[PDB]
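In the form deposited in one PDB entry, a lone chain appears below as structure tokens.
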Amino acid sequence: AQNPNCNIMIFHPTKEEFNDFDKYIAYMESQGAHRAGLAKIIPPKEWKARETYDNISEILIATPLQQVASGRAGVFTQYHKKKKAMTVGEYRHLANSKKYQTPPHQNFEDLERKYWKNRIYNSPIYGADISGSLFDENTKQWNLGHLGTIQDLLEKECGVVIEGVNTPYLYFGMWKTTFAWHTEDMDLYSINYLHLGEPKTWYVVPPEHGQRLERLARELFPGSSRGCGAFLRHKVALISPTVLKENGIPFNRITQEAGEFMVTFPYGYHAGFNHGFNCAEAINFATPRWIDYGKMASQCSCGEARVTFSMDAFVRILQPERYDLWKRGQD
């Protein structure tokens, strides 16, 4: 068995190996990359996502989210308070202001210490989940707006044609902006490209151990657990590395820098934070190996998780027994 300790693997494809996206994912899996839940892909030196980032300031962040924490430093939830619209140029200036900027630090480890010590005492503003793309249309390799769609994969594997579309999303971050512990919708893959700016630190639980994290979360968030049998689908709960180690939960960590891709694998729980002003692009995708994870994915039916149009068909075809209850949650 490849990668039996479930370590995060880092790949360096050549320009030739970067042509065929599906083939490279299957290669990484042949080496055991999925066992970690997360992999890093450093693009060939010849590749670029676009020519420059000099002209992005007029993108609108229609609903910036202020991430307000409750709890203790290592075990907290966050809620998202909606703020007034602002442009990417306005948001960058805010991120760089004395109130929001990255503090002085020695290295990524010192900054990670500072994040876990102090996150809860601040409410950073995240420009998350913005439909759109920063890949040039002429970038032919690993262009996250040109991937094979999940609807087409389901059709190819299972023969059923379904409605829905699959498009990328932009994330504009600042110091302390936070992504809570989650797996993807329908336990899909994700791919995330850090276009510019400061790094993003990731934490991940191997898929084979995901239920250990779920059991800890039910203990640590006991009211939320009684409210919903899949409350991590709400994407609000944070648990620090120190608390994970104290409770024996297997996990790994890695920092993504500008110009690098990360891939999350089906049922790989992940969480993390931004180091400073940055912009990432991410999209969900599927492969043949995903289908069985899709069939077994938990679902929120309490009403909180509320998701995209395209998840309807995935539930309806892969999980027909759950469909009626799940749809009641959506309506």
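Shifts are known only where both forms have a C-alpha. When you see a residue number, it is the position in the sequence shown, counting from 1. Rigid core (definition): largest C-alpha set, two forms, superposition within 1.5 Å.
From this point on, the text means the form solved in complex with a partner chain, which you will not see here.
Although the partner is absent here, residue 163 sits close enough that one of its heavy atoms falls within 4.5 Å of its partner chain in the entry with it bound. Remark: residue 230 does not count among the residues lining its partner chain in the entry with it bound, judged by a heavy atom distance of 4.5 Å or less. Residue 307 belongs to the set of residues with a heavy atom inside 4.5 Å of its partner chain in the entry with it bound. Under a 4.5 angstroms non-hydrogen atom cutoff, its partner chain in the entry with it bound lacks residue 92 among its neighbouring residues. Taken together, the three residues 83, 125 and 175 lack any non-hydrogen atom within 4.5 angstroms of its partner chain in the entry with it bound. Out of the listed residues 298, 287, 301, 67, 67 is the one that sits within 4.5 Å of its partner chain in the entry with it bound by at least one heavy atom. When you look in the entry with it bound, the only residue of 169, 202, 261, 115 with a non-hydrogen atom within 4.5 Å of its partner chain is 169. Figure note: of the listed segments 92-100, 69-77, 213-221, 176-184, the one touching its partner chain in the entry with it bound, with heavy atoms no more than 4.5 Å away, is 176-184. With the rigid core aligned between the shown form and the other one, only one of 244, 111, 180, 153 has a CA shift of 2 Å or more: 153.
In the core-superposed comparison between the shown form and the other one, residue 196 has its Cα shifted by less than 2 Å. Put the two forms on the same core and the Cα of residue 10 is off by less than 2 Å between the shown form and the other one.
Core-superposed comparison between the shown form and the other one: CA of residue 137 displaced by less than 2 Å. Relative to the shown form, the CA atoms of residue 295 and residue 320 are pushed 3 Å or more farther apart in the entry with it bound. Legend note: Cα of residue 309 to Cα of residue 127 is at least 3 Å farther in the entry with it bound than in the depicted form.
Taking only residues common to both forms and fitting on the rigid core, the CA shifts of 2 Å or more between the shown form and the other one cluster into runs of 3 or more residues at 149-165, 225-227, 306-331.
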